[PDB]
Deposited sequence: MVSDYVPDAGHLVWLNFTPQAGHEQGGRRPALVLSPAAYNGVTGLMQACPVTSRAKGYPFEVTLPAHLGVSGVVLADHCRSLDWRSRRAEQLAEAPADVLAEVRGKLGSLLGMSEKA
């Protein structure tokens, strides 16, 4: 009965293959739509201006790619919570993604 919530780091299926992601949309929207806005996490990280580094020992390592945010069906991809992002990571991702999408 897990519904992803804002700040959660989740596992999502390739649908063999699970990948980590940072949820930006809140549970009330996620539960009702079966969709969410999430940014992928990679271990493949240095320099890139829209990367946000995850602090050490959070349960997954690497960076959030804020510029690769997308709408996706989380129900089909069997979302499972991996961790919770620090409030500073979530605010940093929203800052970079806000700039890219031309918001103010």
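Stretches of the deposited sequence lacking C-alpha coordinates, numbered from 1: 1 to 3, 19 to 25, 115 to 117.
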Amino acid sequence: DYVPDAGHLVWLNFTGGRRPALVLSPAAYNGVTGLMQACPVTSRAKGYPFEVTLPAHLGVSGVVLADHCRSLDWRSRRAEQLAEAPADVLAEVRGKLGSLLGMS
From here on, numbers count along this sequence of modelled residues.
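So that the term is clear: the rigid core is the largest set of C-alpha atoms that superpose within 1.5 Å between two forms.
Stretch 46 to 54 is the one, of 60 to 68 and 46 to 54, whose CA positions lie farther from the shown form in 4 other deposited structures of this protein once all structures are superposed by the rigid core. Of the other structures of this protein that model both sides of residue 16, a third or more give it no coordinates. For the pair 35 to 43 and 50 to 58, the record assigns the higher mean C-alpha temperature factor to 50 to 58. Mean CA temperature factor is higher for 62 to 70 when stretches 23 to 31 and 62 to 70 are set side by side in the entry. Annotation for residue 100: C-alpha temperature factor in the middle third relative to the rest of the modelled chain, per the entry. Residue 10: CA B factor in the lowest third of modelled residues in this chain (values from the PDB entry).
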